[PDB]
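Following: one structure in structure tokens, then a few remarks.
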Amino acid sequence: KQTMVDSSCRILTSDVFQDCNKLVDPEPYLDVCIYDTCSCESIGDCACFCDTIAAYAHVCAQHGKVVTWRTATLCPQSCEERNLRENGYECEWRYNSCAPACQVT
Amino acid sequence: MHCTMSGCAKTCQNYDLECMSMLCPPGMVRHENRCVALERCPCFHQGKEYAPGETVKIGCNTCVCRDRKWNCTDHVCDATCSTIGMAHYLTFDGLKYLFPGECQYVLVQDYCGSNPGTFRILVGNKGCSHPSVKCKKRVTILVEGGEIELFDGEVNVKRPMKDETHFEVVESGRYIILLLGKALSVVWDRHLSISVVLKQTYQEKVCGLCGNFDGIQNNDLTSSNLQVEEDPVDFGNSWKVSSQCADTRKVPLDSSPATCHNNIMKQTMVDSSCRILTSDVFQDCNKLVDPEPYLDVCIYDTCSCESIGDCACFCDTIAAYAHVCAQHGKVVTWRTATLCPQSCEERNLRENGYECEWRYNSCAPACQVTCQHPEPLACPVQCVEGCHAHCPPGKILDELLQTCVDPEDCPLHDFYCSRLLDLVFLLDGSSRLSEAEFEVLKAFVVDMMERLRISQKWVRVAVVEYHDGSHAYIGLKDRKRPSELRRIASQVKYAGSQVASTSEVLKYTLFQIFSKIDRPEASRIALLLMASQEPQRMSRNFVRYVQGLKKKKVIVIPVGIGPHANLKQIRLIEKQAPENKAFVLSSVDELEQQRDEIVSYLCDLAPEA
Amino acid sequence: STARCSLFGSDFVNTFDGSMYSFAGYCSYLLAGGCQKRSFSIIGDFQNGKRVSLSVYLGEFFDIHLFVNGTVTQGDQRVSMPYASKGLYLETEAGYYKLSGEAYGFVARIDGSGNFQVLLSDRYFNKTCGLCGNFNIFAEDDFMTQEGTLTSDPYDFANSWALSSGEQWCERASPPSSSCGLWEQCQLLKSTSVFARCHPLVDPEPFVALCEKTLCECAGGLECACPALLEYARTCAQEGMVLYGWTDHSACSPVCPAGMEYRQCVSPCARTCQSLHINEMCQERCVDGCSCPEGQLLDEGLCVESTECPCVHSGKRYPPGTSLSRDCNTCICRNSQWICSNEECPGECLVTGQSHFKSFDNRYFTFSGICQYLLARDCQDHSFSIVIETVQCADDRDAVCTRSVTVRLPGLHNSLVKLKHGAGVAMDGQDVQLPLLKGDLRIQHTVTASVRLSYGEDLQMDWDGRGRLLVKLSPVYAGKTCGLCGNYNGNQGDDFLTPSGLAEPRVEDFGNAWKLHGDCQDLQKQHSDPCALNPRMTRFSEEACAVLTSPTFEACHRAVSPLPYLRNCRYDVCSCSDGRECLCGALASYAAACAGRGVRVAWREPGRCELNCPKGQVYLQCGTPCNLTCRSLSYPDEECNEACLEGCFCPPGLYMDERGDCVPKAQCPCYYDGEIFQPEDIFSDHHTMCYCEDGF
Amino acid sequence: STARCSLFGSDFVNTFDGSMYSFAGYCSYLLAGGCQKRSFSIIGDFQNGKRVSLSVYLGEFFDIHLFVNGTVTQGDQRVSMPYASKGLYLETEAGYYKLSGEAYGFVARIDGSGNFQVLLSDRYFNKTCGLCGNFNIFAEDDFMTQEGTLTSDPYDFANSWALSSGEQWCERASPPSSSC
Ligand SMILES: *[C@@H]1O[C@H](CO)[C@@H](O)[C@H](O)[C@H]1NC(C)=O
Ligand SMILES: *[C@@H]1O[C@H](CO)[C@@H](O)[C@H](O)[C@H]1NC(C)=O
Ligand SMILES: *[C@@H]1O[C@H](CO)[C@@H](O)[C@H](O)[C@H]1NC(C)=O
Ligand SMILES: *[C@@H]1O[C@H](CO)[C@@H](O)[C@H](O)[C@H]1NC(C)=O
Ligand SMILES: *[C@@H]1O[C@H](CO)[C@@H](O)[C@H](O)[C@H]1NC(C)=O
Ligand SMILES: *[C@@H]1O[C@H](CO)[C@@H](O)[C@H](O)[C@H]1NC(C)=O
Ligand SMILES: *[C@@H]1O[C@H](CO)[C@@H](O)[C@H](O)[C@H]1NC(C)=O
Ligand SMILES: *[C@@H]1O[C@H](CO)[C@@H](O)[C@H](O)[C@H]1NC(C)=O
Ligand SMILES: [Ca+2]
Ligand SMILES: [Ca+2]
Ligand SMILES: [Ca+2]
Ligand SMILES: [Ca+2]
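Here the protein sequences come in this chain order: A, B, C and D. Per this note's numbering, residue 1 is the first one in the first sequence, and the count goes up by one each step. Per this note's numbering, residue 1001 is the first one in the second sequence, and the count goes up by one each step. Per this note's numbering, residue 2001 is the first one in the third sequence, and the count goes up by one each step. Per this note's numbering, residue 3001 is the first one in the fourth sequence, and the count goes up by one each step.
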């Protein structure tokens, strides 16, 4: 199980993050990922696992290393609930690897 | 007896039952505190009331309420076997059981007993149980000389089958579908829960981890050696394909597997995680379907990969339950961004940019008309969960373009006895006949079944080895064709038992075959083709059974074969009635000689229509 | 798309690239693995220069050791073969010990002579290192050290790949001393036709050089040549040319298990006495090794004739002609298969504990509605009807049990028999002295003090007076029954049938549909696992009921599945008026099912559920009932065939009196015309003159 | 939006709805808890008529015992105060032994004299049962038995809420005599 949590947290060392892993150290966030994936074992998706990666992705985006780390299998976020509106299924919402903060609203 | 508290008439539901044993005119019964005619009382199902002439559907069958009872159709519906988890199977008969295993096992095959097999389906957990990947099962389909492997989410026809014109591979929602013929199909969840669907033309012909497709759950867990096992592990180990591979370890029911095994607290957090199956969205399905097996599977497959989110173990069990609910017509809107979400946005990120055509659906129709599938198919399922393209009217989906497009785009013998007879052949499966001799006894039975008008009218036949129990290979009520019945009679196996109780086979014919006379017009006769003595201590009831058979007007013909037939029992049968003519033979070799006078004696002792 | 390495003979190694060298090991050394990143490590273990084991380590999380004597160890624990864990499969193939990991992309073997070999998939081409070399087109760029240098010295290379551990820290090994009519035996590789076939594929010169080296090293006779010839033949086989004659064009025969013979191109998917046939869909290449002789078959590693093949059942082996039985049916072993009887057997409906049920068709369920309920009736001929009265049996709402039973017998002039709490009986409302034999009906005290009832041969019942009822029917009633115990048709799948003629998928609506009275509440939901309402009870309920799955019942676990009884036990102990009594009742219920399958369990002990007898009686786990009572002396011609059973019995020379006391035969009273006479009583009359002696 | 229960003096109980009675307990009894589904059970432990411990069970996954002498035990292991686990907090407040679970929606205390008190959030209004009563505007209807009937008798009520364990099979309590 220790090596399950370790290998599961190897997402932080995968080639999509390796560009960020120059400017930012993955090891502290990986240690948090170990601790959190001990609380939920999920290889593909659970809140503690996904949030510690999403926290690293947020730090990377603050270093300008924006990263498209999620997939339809790995920690998917689905916005399709917001598309269903008074027009029916209308195309406006999507997951963005980073939305610009505090847009005019 | 201190008491803290202190304090026939018939109603629509109770009228058929006993009186309470602890109020209306005759021919009348209460409903809603009013006396009413019985022909106006409702029928009950799901605990709900339905008026007479209301109709309900149960699977493929349907029933109308008639005189307080359900007047049903008699169809046999498409039976589904399913792998429902990492280590859990559900038979064609609905028996859920647990069987982990690292080897490759026969999920189902047609190659059962004497039957010439059309196909196999094989499954195994090869490459699971280690950190570096989430677990996936292999599948291997071996229909009519072909081979299709399903693995790593992909379909691979590794060998073309002898006639591809009956074969289709399909995808719908998140499910792969394969149609292997008019009567065989597969639905594959890429996350472990493999499923197989059979029409009524297969039934008892198939065997494997899926059990044998019939009404009878209790005759599943039949091993490949044909013995029913009390333990699912021993049953499943018998269906191991690779001879040298390790048998699954038998273990007690520890409170839960794997990550829960030490951790009772976290096991209760798994239990609460699985309570999605009992939430208000599922509770309407939980009337028609029992959530308990799928919840137990969810425990096992969340104690494997402890989660409240899409590990391959957990959300699979609820997707599978939702799928079964949707096949019962109870679609369940269970996924959310809070729990097991799916995103089809990668399908809308098209070559033109982001454009809506795809979205998740709780169930989309399966096997749709498609540029890859230009016409409808005999789809095994009504609808399935997952990503679906909501195309505008008349447009056809192209999967490779991931987009909606315009439909312009893209008799045997001279003796053939025909008279009112029920006939039973009782065969001495002791060691006193070798298998080579028992083949002659079988041939004798079969050739007499060439010389009789075998049917439910005229001559009915049963064939029964006893071998120290009783073993009907054919019963009088078996409506199969005469060439099929002769085939089965020739396929009667050989026990070679150390003992063969003549008395207990007489007991079996007296009480279980002739349980009631349903053909008062027919004569009924037993050929007791006996070749072994009983040990003396067993014989004590023999006269009671033969005289009971006389009371039930069954003629017993003792055909004593070889030196080891106990002549005492032969003559004791003759002593009951003149009709009970014995035959006594030095070997099976003169069974085929005496066959003429035997079969003619049967026909002399049976009346014309 | 594969390469092979081997460690063989005395000291020799053959790389994945066909470079050969000699190395006497004293450490354990990396043979192969991922070189830049180590997904797995394959380790050669040595002692005193000799090989002793091949060990595979997977990441750092798992390791498995396979010894040259066929012992296997996982971590530090010895494990029996065959074995499979963490994606490795460890097994016998062709009589030789095999260790496969093709998920990781390797397979390895140890032969009977102790030669190792390893095969790597092309996944590791130019990406592996260790004593087996670096797996690329060159053979001369092998000997790569862990320092990343080449070396001209095989011992610098091999010691560079030494791996110390907490078990031992290991010295740098060095070449052995040397001082060098057999030499012609090595020249077979060059001279002799079967070996000469392979010269276009494998150069003999290294193998004959190594052969001459083993002839220098080895103290034996001509057999000293054989490892080089064997490894040449295996190299040719890897290059795709099998040397079918090599072992009889030469004196060299490899070691094999008893009754097996060495041969080339043994098939994978080897047939056995226990294995179904793959009809050639094996789709894998043949190997060298041991085979059974033609027409003989392997069984559990020994060769046996196809006529000798045992059958397997209950995890055990039985010779052909062996008869087993399940209930009334018998199964006879013939060839690989059991010839199993197909007759219907007596149906045992049960109600027990906190209203747990077993159908006649063996379906277990729990219902716990409170009413009069129809348990079991002949719905065709109405020859009998059995009804149960269920009540709440503790403060808990989930504690519901049978208080009393009612049997209606229309054939017995519509008599009504009530079986009361405390094992009393009333007939047509009148309390009766229990030994009753009028008509087809018989009622009797069981040695358990349970009421037993019989109604011809075809119905029997056994009521404990404490809410346990067992109902037995003969196969005459098969398919005819109705009520909570179902239709007795051999199928579980329709036992939840109801008077409306449909099967309710909910046990609640099923049971509700059999309630006899309209003012009884419909059970809305049945709360399984009631330990939530008394959490104090759950720790004991688990710890105590786990005995059912402990080794004490292990003989029974394959005769009757314990799982329904364990669920029933935990429910009973968690939700009843005294969990100790409910524990003993649940354990007795499972032990009774075992005895019904002919397995007797010594489950009682001073720590739990001793069946303490009244004075003068003695407990027996199995005693014969038919000769216990003085009535048996008084009616010595009566029929009695009942099996040996658990209870309290008089000591072997004494009979049981009306007072429950145990008396010698001379002191038993006599029973005549249903009327009771003391020892040595006389009576004389115009019809008869009689006297009481020896209880008769 | 809260109600209070108390067990005080020698033998006395005060319900969430203000009904009061004497009960010389000899076992352990449900004071309060989720009645239709048991998220937690709050348990009063007695010996020889005296109170000895106030205990809480959370589902079946965790159990905590607080004694009138200030000893605390989790499962069967003694644990030092203050303590916090499974969303419970167990601490001194105003010199008195406090057990809080306002995530579950309750708090409980033992004072220096050994009087228990238990407080439920409005979450459990008309949804609780035990010796503390049913927590509704009515008070005459507090003596609801586990069997589901309103007894007139406080010992029938309290014994109806007795909970046995493998260590402690509950004898039925009955009113002690007095010279009064
Ligand atoms: C939104 O997402 C796209 C990719 O999907 C990205 O290129 C873009 O920078 C994001 N932000 C905006 C404002 O479009
Ligand atoms: C169903 O109803 C029809 C019409 O009354 C009748 O002929 C048939 O026997 C009924 N079958 C059953 C099973 O009730
Ligand atoms: C898709 O989902 C909707 C509910 O959002 C449902 O009504 C509909 O039947 C589903 N299928 C199709 C083909 O629209
Ligand atoms: C096999 O050999 C090892 C040492 O090489 C030893 O520890 C083990 O006991 C041996 N096993 C047997 C069965 O002799
Ligand atoms: C093997 O790998 C090395 C790098 O370690 C590389 O320089 C060399 O070209 C490779 N050889 C082949 C044949 O791929
Ligand atoms: C009853 O029979 C058994 C043998 O079946 C015998 O051992 C026992 O002594 C007998 N009992 C009496 C009282 O004679
Ligand atoms: C507190 O009371 C309990 C119950 O009498 C007892 O087991 C425990 O030892 C006591 N602790 C101390 C410190 O006296
Ligand atoms: C309390 O709950 C019962 C149901 O158990 C209900 O009938 C009653 O009206 C409720 N009373 C109040 C005041 O909410
Ligand atoms: Ca079946
Ligand atoms: Ca090389
Ligand atoms: Ca049935
Ligand atoms: Ca109140």
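Where a beta carbon is used, it is the ideal one built from N, C-alpha and C, also for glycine.
Residue i, DSSP secondary structure in three states
i: B:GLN1547; result: helix
i: D:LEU3163; result: coil
i: B:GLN1200; result: coil
i: C:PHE2195; result: helix
i: B:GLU1357; result: coil
i: C:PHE2008; result: strand
i: C:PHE2207; result: helix
i: B:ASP1422; result: strand
i: B:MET1028; result: strand
Counted within 10 angstroms of its Cβ, other Cβ atoms place residue i as buried (16 or more) or exposed
i: B:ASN1033; result: exposed
i: C:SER2055; result: buried
i: C:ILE2682; result: exposed
i: D:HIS3065; result: buried
i: B:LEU1401; result: exposed
i: A:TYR89; result: exposed
i: B:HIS1413; result: exposed
i: A:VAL104; result: exposed
Identified DSSP bridge partners for residue i
i: B:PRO1558; result: B:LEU1528
i: B:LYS1057; result: B:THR1062
i: D:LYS3098; result: D:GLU3091, D:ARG3109
i: B:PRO1365; result: B:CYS1383
i: B:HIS1471; result: B:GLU1465
i: C:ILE2676; result: C:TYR2671
Point to revise | Residues from the segment 2329-2349 of chain C in contact with chain B, defined by Cβ distance under 7 Å | key: Residues of the segment 2329-2349 of chain C that bring their beta carbon within less than 7 Å of a beta carbon in chain B comprise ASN2329, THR2330, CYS2331, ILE2332, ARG2334, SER2336, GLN2337, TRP2338, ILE2339, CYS2340, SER2341, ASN2342, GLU2343, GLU2344, in sequence order.
Review point. What runs of the alpha helix (DSSP H), each 4 residues or longer, lie entirely inside the segment 2575-2617 of chain C?
Key: Counting only runs that start and end inside the segment 2575-2617 of chain C, the alpha helix (DSSP H) elements of at least 4 residues fall at 2579-2596.
Check your understanding: Which ranges does the beta strand (DSSP E) cover as unbroken runs of at least 3 residues, wholly within the segment 1084-1148 of chain B, from first to last along the chain?
Key -> Counting only runs of 3+ residues, the beta strand (DSSP E) found wholly inside the segment 1084-1148 of chain B occupies 1088-1090, 1096-1098, 1104-1109, 1120-1124, 1138-1141, in chain order.
Point to revise | Ordered list of beta strand (DSSP E) runs contained in the segment 2367-2407 of chain C, each at least 3 residues | key: The qualifying runs are 2372-2378, 2385-2392.
Check your understanding: What beta strand (DSSP E) runs, 3 residues minimum, are completely inside the segment 1142-1183 of chain B?
Key -> Complete beta strand (DSSP E) runs here, min 3: 1147-1151, 1154-1159, 1168-1172, 1175-1179.
Review point. Taking a cut of 7 Å between CB atoms, which residues from the segment 1091-1102 of chain B lie near chain C?
Key: Correct list: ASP1093, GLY1094, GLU1102.
Check your understanding: In chain order, what residues of the segment 3098-3118 of chain D put their CB closer than 9 Å to some CB of chain C?
Key -> Going along the segment 3098-3118 of chain D in chain order, one finds no residue with a Cβ nearer than 9 Å to chain C.
Check your understanding: the segment 1485-1514 of chain B: which residues have C-beta closer than 8 Å to a C-beta of chain C, in chain order?
Key -> Residues of the segment 1485-1514 of chain B with a C-beta atom less than 8 Å from some C-beta of chain C are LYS1493, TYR1494, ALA1495, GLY1496, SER1497, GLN1498, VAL1499, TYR1508, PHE1511, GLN1512, listed in chain order.
Exercise for review: Taking only beta carbons into account, state which residues of the segment 2040-2072 of chain C come closer than 8 Å to chain A, listed in chain order.
Suggested key: Correct list: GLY2059, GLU2060, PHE2061.
Exercise for review: Mind checking the segment 1286-1304 of chain B against chain A and listing, in chain order, the residues whose C-beta falls within less than 8 Å of any C-beta there?
Suggested key: Answer set for the segment 1286-1304 of chain B: empty.
Review point. At which residue ranges does the segment 2326-2371 of chain C contain complete beta strand (DSSP E) runs of 3 or more residues, listed in the order of the chain?
Key: Complete beta strand (DSSP E) runs here, min 3: 2329-2334, 2337-2340, 2347-2352, 2356-2358, 2364-2366.
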